[PDB]
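Residue numbers (PDB author numbering): 122 to 222. Ideal placement from N, C-alpha and C gives every residue a C-beta, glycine not left out. What follows is a single structure, written as structure tokens, with notes after it.
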């Protein structure tokens, strides 16, 4: 709530994601522009476990995304939240890779 400590990663291509049924697939296709194409995060330094960092990226990215979202006067269903979490998770992982050297 005090902000700070976050860095912003480069923009990423939205992957085609399949959700296992016809409705979520169509729903996803239609609604995905409303979900993030970037992630918020704290450096690597602060995490010795990629499995964590990813958690600290999905929830953070989504709250911050909703506050900026509440401003435009629109609302998220429960499905949006599920779909948004899943794709940002994919994104955080790619983001995690960023350092290999």
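What is the DSSP secondary structure of residue 205, reduced to helix, strand or coil? helix
Residue 212, DSSP secondary structure in three states: Per DSSP, reduced to three states, the secondary structure at residue 212 is helical.
Taking Cβ positions, are residue 213 and residue 165 nearer each other than 8 Å? no
Taking its Cβ as the centre, do 16 or more other Cβ atoms sit within 10 Å of residue 216, making it buried, or is it exposed? It counts as buried.
Is DSSP giving residue 133 helix, strand or coil here? Residue 133: coil per DSSP, three-state reduction.
What is the C-beta distance between residue 133 and residue 158, in whole angstroms, given that I count them as a contact (C-beta under 8 Å)? With 8 Å as the limit, residue 133 and residue 158 qualify as a contact, their Cβ atoms being about 6 Å apart.
Pairing CB atoms from the region 167-187 with CB atoms from the region 131-148, are three or more of them under 8 Å? no
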